[PDB]
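Heads up, the thing below is written out as structure tokens.
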Amino acid sequence: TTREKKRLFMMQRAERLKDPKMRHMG
Amino acid sequence: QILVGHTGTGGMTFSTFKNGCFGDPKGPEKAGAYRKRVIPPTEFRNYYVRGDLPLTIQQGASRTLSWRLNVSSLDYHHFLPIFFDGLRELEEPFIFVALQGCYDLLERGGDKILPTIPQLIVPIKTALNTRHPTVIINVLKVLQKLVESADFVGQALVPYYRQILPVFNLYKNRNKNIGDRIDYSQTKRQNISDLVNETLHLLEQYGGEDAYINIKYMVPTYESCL
Amino acid sequence: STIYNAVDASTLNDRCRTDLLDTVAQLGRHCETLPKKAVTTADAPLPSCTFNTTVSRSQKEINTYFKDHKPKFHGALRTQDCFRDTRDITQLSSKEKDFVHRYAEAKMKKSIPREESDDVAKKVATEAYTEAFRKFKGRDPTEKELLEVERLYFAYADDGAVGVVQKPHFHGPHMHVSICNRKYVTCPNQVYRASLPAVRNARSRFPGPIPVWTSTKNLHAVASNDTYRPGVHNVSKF
Amino acid sequence: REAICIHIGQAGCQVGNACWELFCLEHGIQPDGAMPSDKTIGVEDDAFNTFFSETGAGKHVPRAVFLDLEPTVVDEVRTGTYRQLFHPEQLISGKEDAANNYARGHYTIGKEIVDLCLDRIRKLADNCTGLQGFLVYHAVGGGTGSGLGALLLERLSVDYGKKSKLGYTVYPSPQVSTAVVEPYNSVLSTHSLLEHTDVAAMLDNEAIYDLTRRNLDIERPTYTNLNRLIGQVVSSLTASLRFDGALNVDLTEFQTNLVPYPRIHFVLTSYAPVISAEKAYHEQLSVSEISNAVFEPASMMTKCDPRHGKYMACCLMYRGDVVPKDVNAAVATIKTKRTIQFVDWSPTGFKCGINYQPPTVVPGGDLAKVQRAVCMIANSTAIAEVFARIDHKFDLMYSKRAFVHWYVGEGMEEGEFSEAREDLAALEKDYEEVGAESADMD
Amino acid sequence: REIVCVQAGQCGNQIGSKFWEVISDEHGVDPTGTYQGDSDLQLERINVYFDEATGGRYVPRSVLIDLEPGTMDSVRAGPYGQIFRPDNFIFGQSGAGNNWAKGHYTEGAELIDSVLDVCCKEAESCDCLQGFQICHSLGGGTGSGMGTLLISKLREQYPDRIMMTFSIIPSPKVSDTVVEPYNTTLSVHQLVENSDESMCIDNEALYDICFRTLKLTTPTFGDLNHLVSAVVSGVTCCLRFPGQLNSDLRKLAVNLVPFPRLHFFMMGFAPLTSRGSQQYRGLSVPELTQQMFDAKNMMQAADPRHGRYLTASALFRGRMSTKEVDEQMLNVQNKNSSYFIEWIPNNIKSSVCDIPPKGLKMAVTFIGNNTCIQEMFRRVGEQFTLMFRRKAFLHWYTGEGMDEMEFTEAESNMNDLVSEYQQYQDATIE
Ligand SMILES: Nc1nc2c(ncn2[C@@H]2O[C@H](COP(=O)(O)OP(=O)(O)OP(=O)(O)O)[C@@H](O)[C@H]2O)c(=O)[nH]1
Ligand SMILES: Nc1nc2c(ncn2[C@@H]2O[C@H](COP(=O)(O)OP(=O)(O)O)[C@@H](O)[C@H]2O)c(=O)[nH]1
Ligand SMILES: [Mg+2]
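Protein chains in written order, with PDB author numbering: chain 0R, 24 to 49; chain 3X, 77 to 95, 105 to 311; chain 5O, 2 to 64, 92 to 266; chain LH, 2 to 443; chain LG, 2 to 431.
Written out as structure tokens, the structure reads:
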């Protein structure tokens with residue numbers, strides 16, 4: 024389903040960008 | 077339109093500024118049934134220009150027709166339908182010849198009118214459908230002359246009421262309401278409704294026993310003459 | 002929809018319609034009277050390739093009213109002074125002029141006579157100072173002791189006496205604290221005319237740790253700390 | 002939501018091989034046209050529609066035509082690994098080349114092949130529901146690329162009308178050269194590109210060779226490296242139509258923001274994190290550093306120095322994990338710089354775009370894998386210097402009519418040389434005049 | 002007393018999504034539409050924002066409009082997206098291209114009739130209709146053009162109701178688009194004639210709120226849209242809950258607008274504080290009032306200190322004494338007397354409502370009519386004059402069909418608005 028994949032991608036992106044160092048230079 | 081400044085109602089809202106249908110408010114289009122329509126070309130014109138009609142116009146002092154032979158001996162099957170076809174002409178001299186020939190043939194036809202009744206239904210039907218008052222008057226007068234022409238003619242027209250009577254209903258009740266004033270249209274017999282009523286009465290009188298039921302079936306607002 | 006159509010289609014009576022339309026017209030006229038900024042116009046010597054076109058681009062194209097009421101109250105308190113009116117804030121104060129004269133005298137290593145002025149305020153202040161000095165000490169003040177007039181601020185009392193303001197107040201709004209707190213725009217302790225000081229814009233800097241400020245030349249350009257400081261010169265009255 | 006690619010001649014077909022290799026690997030389509038279930042998780046769906054259409058059996062086929070006059074590069078495609086991906090009608094080939102003559106391609110030979118090309122493009126355009134432009138790849142140095150590219154752009158401009166046409170064009174480099182007649186073909190090409198293109202992107206092979214020697218660590222580069230860099234740039238610009246993002250950019254808003262006057266449509270292009278895997282562990286790659294990179298002339302893919310002119314508009318495309326506040330801080334720092342100048346009539350000089358899909362890595366590639374990248378297209382008066390260098394070589398050759406008899410024999414009037422040279426001179430003067438600050442009252 | 006909301010374009014659709022999340026939370030509506038609340042006070046005014054469909058569920062009276070469906074697929078994918086009525090999403094097939102003329106004349110007129118049909122169907126269903134509420138950006142393309150087109154048509158069809166707009170306008174410092182000045186100037190020209198009350202927001206002011214006051218480490222557009230959703234949901238609180246001194250949108254308009262053109266207002270919401278700092282300072286009516294007038298807490302770049310307040314309004318939510326509200330608002334009027342227009346004896350209206358926003362015991366929202374808004378319009382007009390004198394990008398608009406006279410009319414109307422604010426901003430001793 025498209026909605027499930029979009030929600031999953033957004034959740035993983037939010038998990039990645041939570042660390043400021045990783046947002047800067049990951 | 078370009079919106080000009082210092083004219084809008086901005087910041088000015090007031091309770092006093094107050095200013105389920107499957108069709109447009111204007112309603113359906115006027116698909117008129119009384120409108121005139123084009124008259125189809127007739128074979129009377131061709132038979133007159135070719136010269137197959139055994140007749141001539143004698144000028145003398147007034148317009149009459151003379152026949153090169155007695156009309157009791159012509160073939161009515163060939164000639165009677167084509168004169169009825171010319172009843173829907175308008176311009177001269179076709180209309181004069183058509184009416185005079187119809188009257189002369191019906192006047193002294195004899196006992197040979199009866200077999201030709203089934204063949205006259207198509208010109209009668211196609212002349213009345215044109216919604217032109219002059220041809221309607223002419224057809225009604227010819228019909229009145231035809232019913233009284235000979236014996237058993239009226240009884241033969243009863244099964245054909247479904248092809249003649251539809252136009253009769255249109256002008257049945259369209260007479261004039263002038264109150265006290267007298268009517269000058271009676272002298273020349275130019276009133277459609279009076280002709281329609283009197284023709285219906287003639288059709289009933291000569292029709293036999295089953296005339297009234299058929300006319301009532303085709304004209305709903307009818308009353309028995311006898 | 003225009004205002005005229007709405008007024009004509011409304012349910013108001015005629016008189017109210019006329020009043021509303023007249024109010025709108027008067028507001029429009031008063032707006033026309035105001036100072037404004039001129040509407041921009043395109044330049045005359047503009048180069049080519051602005052009126053030209055291209056085949057693809059050509060294919061794409063489809064082708092009075094506000095009356096003044098100033099009510100006055102009997103016995104209202106005095107809120108003006110002659111001494112306050114004479115002084116101005118953009119120029120040098122009298123004490124600054126005194127220091128300039130003393131600096132010149134020290135530099136030139138000799139006494140320099142002071143300029144003589146015909147201001148009536150100076151004469152009134154000198155007369156009051158001489159009277160006070162004669163009351164305190166039997167002598168009349170000397171020329172050296174009369175230099176004290178320049179260093180002091182003078183004012184009139186309510187009854188017409190001449191005095192000295194010991195502790196002047198700020199010419200902007202300030203606080204007098206008592207059983208209750210109050211703001212005074214003007215107070216008799218003020219020396220200069222009352223005015224509202226200019227302030228710096230709160231949103232001058234970028235929303236972030238980067239050093240970007242708004243430019244001093246226009247309202248949209250930006251600047252940084254390269255060869256000048258843009259944050260100190262963003263003060264404006266409006 | 003769809004775009005059709007037209008590849009002409011040798012450079013355009015070879016760049017097409019790299020482009021379609023990348024678009025297949027990025028969407029997950031196998032060389033036989035299938036999409037296995039486990040290669041799709043990781044990216045969303047319908048995204049292929051911009052470049053591929055599926056058959057009722059689920060095979061994918063791409064929206065492209067490959068055009069050449071010699072039967073050689075397309076025979077390599079026909080016999081290579083992707084033979085089954087393309088429909089055989091899309092690979093169109095003639096019998097013989099235009100022999101470096103623009104006149105031979107335009108008048109004599111391209112006129113025979115052009116109607117088959119238009120019929121194939123029509124067959125593609127009938128299978129679309131939201132076509133929003135044509136992308137064209139060609140070189141103006143060769144005969145068929147110049148002549149057939151011009152003839153096809155004229156016919157396309159008459160038949161489709163309003164549809165947008167964006168061109169990626171390789172002009173002859175200022176001192177590296179491959180053929181003697183390059184100036185004549187480039188001059189004759191520029192009139193058609195001026196009239197029949199909405200935005201023109203500039204490339205120079207000498208710039209991509211410098212970029213591959215200095216930034217990448219390749220001592221002996223070849224055309225496949227340059228073509229892979231071009232493919233990455235086109236993928237970055239078209240990513241805004243294909244993947245989710247914070248600030249999307251449709252091609253019409255790009256055209257609206259980048260072109261101030263209808264003839265001033267020639268733009269410079271650059272790409273920031275061109276870097277090798279060995280260099281990648283010594284350096285961080287923040288948004289502000291790559292934004293600073295796209296404005297250095299060592300980053301440009303065209304041999305021009307923007308310090309000799311003024312910028313009119315910039316369009317910055319960011320892809321990957323980026324947050325708008327970092328883009329705003331970077332653009333404000335660039336705007337602060339004193340060696341970057343904008344014309345005073347363009348106060349709001351920047352357009353931004355932000356997309357979440359990071360750039361794809363190709364197995365044999367030389368770029369490192371990175372989480373974010375920025376690509377810039379900008380309009381600047383500095384481009385006038387490239388034309389001036391082409392014009393000097395044209396003037397040197399034309400002073401003695403060095404080769405004109407070839408062009409005149411194949412059907413061209415001698416007058417067209419003088420006409421084309423005067424039109425390019427007027428375009429150079431337009432870029433000189435448009436960049437002059439303000440106006441005087443007298 | 003029912004409100005109809007309209008959200009246009011991507012910014013409008015995103016703010017609308019956050020607003021409907023906040024409103025659904027306050028009335029205890031499950032994302033399936035089922036009522037799961039815990040007090041009768043929630044049900045008695047649920048009609049104000051929701052219509053009731055049969056078997057318990059509630060659906061929100063909102064119209065979603067955009068020119069490209071990307072945002073609609075995003076809102077349908079959102080956490081509360083299912084609640085929206087499927088027939089209420091209207092969309093086209095190609096974007097606005099950031100062009101005002103494209104959004105207003107060519108693709109606008111094709112869809113506008115379907116939007117007016119849906120808005121009329123929604124309006125005629127209410128037993129008593131209150132004003133409309135519209136969210137859109139002025140710098141965009143479909144937001145500006147179709148928002149102002151729809152505002153004009155609804156003002157023609159419902160002239161006796163209230164028209165209220167919340168609008169975001171491009172920063173001179175943090176812009177995403179080059180042609181922003183034209184779209185902004187034409188939109189302000191349309192609003193000053195069409196609107197009854199207009200609120201303006203700078204993204205720069207919300208970023209300064211987040212960074213200085215909230216100390217957020219990595220802010221996102223969702224936070225910006227929450228600040229906007231908080232003020233919009235706060236203004237209507239007295240319409241839908243009991244209180245000691247009720248207030249209404251029409252009552253706000255009657256007390257705030259002295260003359261019909263001066264209807265542009267500033268907004269603020271007081272209880273803002275970072276999770277680390279909140280343990281060090283308790284909330285109280287003096288603290289909310291002091292933050293409420295602090296320019297750090299105002300959502301525009303123009304500063305009140307460069308102008309004067311004609312009128313202001315404060316709406317308080319929570320259980321509190323009327324004496325503290327009255328004496329605090331008197332103290333603020335007395336202490337800053339130079340910033341209040343002297344020919345109006347008292348400039349502030351107060352209102353008190355018993356039910357606070359969820360998670361706060363008390364809150365206040367501030368609406369202010371201040372002449373410093375003239376600085377924002379002057380800055381936009383300056384950038385327009387730089388671009389217009391040189392014909393910088395006019396061929397796009399002229400190719401769509403615009404007359405240059407439209408540009409000169411819009412410039413003249415904004416210049417007269419700036420002049421009217423400027424006369425009242427400065428003192429006149431005479
Ligand atoms: N970047 C790049 N440049 C190329 C490539 N192939 C050729 N060129 C350059 O383009 C110019 C030659 O143009 P061609 O494409 O060979 O000309 P053509 O289109 O084949 O025209 P004909 O020779 O008449 O068939 C030279 O400057 C080459 O350096 C390529 O694959 N990549
Ligand atoms: N606060 C806020 N601003 C937004 C949002 N989306 C876009 N913007 C801003 O609005 C402007 C773009 O306008 P846009 O909404 O795209 O116009 P449209 O294309 O007509 O809908 C830029 O300044 C964006 O930063 C959002 O969700 N919240
Ligand atoms: Mg070749």
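Think of the CB as a built atom: it goes at the ideal place given N, C-alpha and C, for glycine as much as any other residue.
Beta-carbon proximity list for residue i, same chain, < 6 angstroms, skipping 5 on both sides
i	result
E111 (chain LG)	none
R390 (chain LH)	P175
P274 (chain LH)	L286, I291, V371 and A374
Residues of its chain near residue i, where Cβ-Cβ distance is below 8 angstroms and the 5 sequence neighbours each way are ignored
i	result
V304 (chain 3X)	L250, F253, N254, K257 and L285
residue 507 (chain LH)	Only positions 2 to 443 of chain LH appear in the structure, and residue 507 (chain LH) is not among them; the question remains open.
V243 (chain 3X)	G292, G293, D295, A296 and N299
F237 (chain 3X)	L199
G360 (chain LG)	none
Collapsed DSSP secondary structure at residue i in the structure displayed
i	result
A180 (chain LH)	coil
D109 (chain 5O)	coil
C353 (chain LH)	strand
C6 (chain LH)	strand
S232 (chain 5O)	coil
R276 (chain LG)	coil
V64 (chain LG)	strand
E55 (chain LH)	strand
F67 (chain LH)	strand
Partner residues on chain LG for residue i, Cβ-Cβ distance less than 9 angstroms
i	result
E254 (chain LH)	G96, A97, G98, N99, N100, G142 and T178
Residues that residue i contacts on chain 3X, provided the C-beta gap is smaller than 8 angstroms
i	result
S351 (chain LG)	Within 8 angstroms Cβ-Cβ: nothing; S351 (chain LG) doesn't reach chain 3X, min ~23 angstroms.
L13 (chain 5O)	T92
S2 (chain 5O)	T85
Chain 0R residues whose Cβ lies nearer than 7 angstroms to that of residue i
i	result
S241 (chain LH)	Going along chain 0R, no residue has its Cβ under 7 angstroms from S241 (chain LH), so there is no contact; the nearest lies around 17 angstroms.
Per-residue contacts from residue i into chain LG (C-beta, under 7 angstroms)
i	result
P201 (chain 5O)	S339
Interface residues of chain 5O facing residue i [CB-CB closer than 7 angstroms]
i	result
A296 (chain LG)	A230
Cut-off 7 angstroms between Cβ atoms - residues of its own chain near residue i, not counting five sequence neighbours on either side
i	result
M203 (chain 5O)	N209 and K211
Between the segment 37-56 of chain 5O and chain LG, which residues of the former have CB atoms less than 8 angstroms from a CB of the latter, in chain order? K37, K38, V40, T41, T42, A43, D44, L47 and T51
Contact residues within the segment 217-235 of chain LG, judged by C-beta distance below 8 angstroms to chain 0R: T218 and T219
Going along the chain, which residues of the segment 203-220 of chain 3X sit with their C-beta nearer than 8 angstroms to a C-beta in chain 5O? none
Under 8 angstroms, CB to CB, which of the residues in the segment 280-292 of chain 3X have a partner in chain LG? none
Which residue spans inside the segment 183-255 of chain 5O form an unbroken alpha helix (DSSP H) run of at least 4? none
Just list the beta strand (DSSP E) runs in the segment 188-272 of chain LG, keeping only unbroken ones of 3 residues or longer that don't cross its boundaries, in chain order. 198-202 and 265-270
What residues from the segment 34-47 of chain 0R come within 7 angstroms of chain LG, judged by C-beta to C-beta, listed N to C? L40, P43 and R46
Members of the segment 99-125 of chain LG that neighbour chain 3X once the beta carbon cut-off is set at 7 angstroms: none
Where are the beta strand (DSSP E) runs, 3 residues long or more, that stay fully inside the segment 119-153 of chain LG, in chain order? 130-138
Go through the segment 279-352 of chain LG residue by residue and report every complete run of the alpha helix (DSSP H) that reaches 4 residues or more, in order. 286-294 and 323-336
Just by C-beta distance, which residues in the segment 186-212 of chain LH are closer than 9 angstroms to chain 5O? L195, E196, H197, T198 and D199
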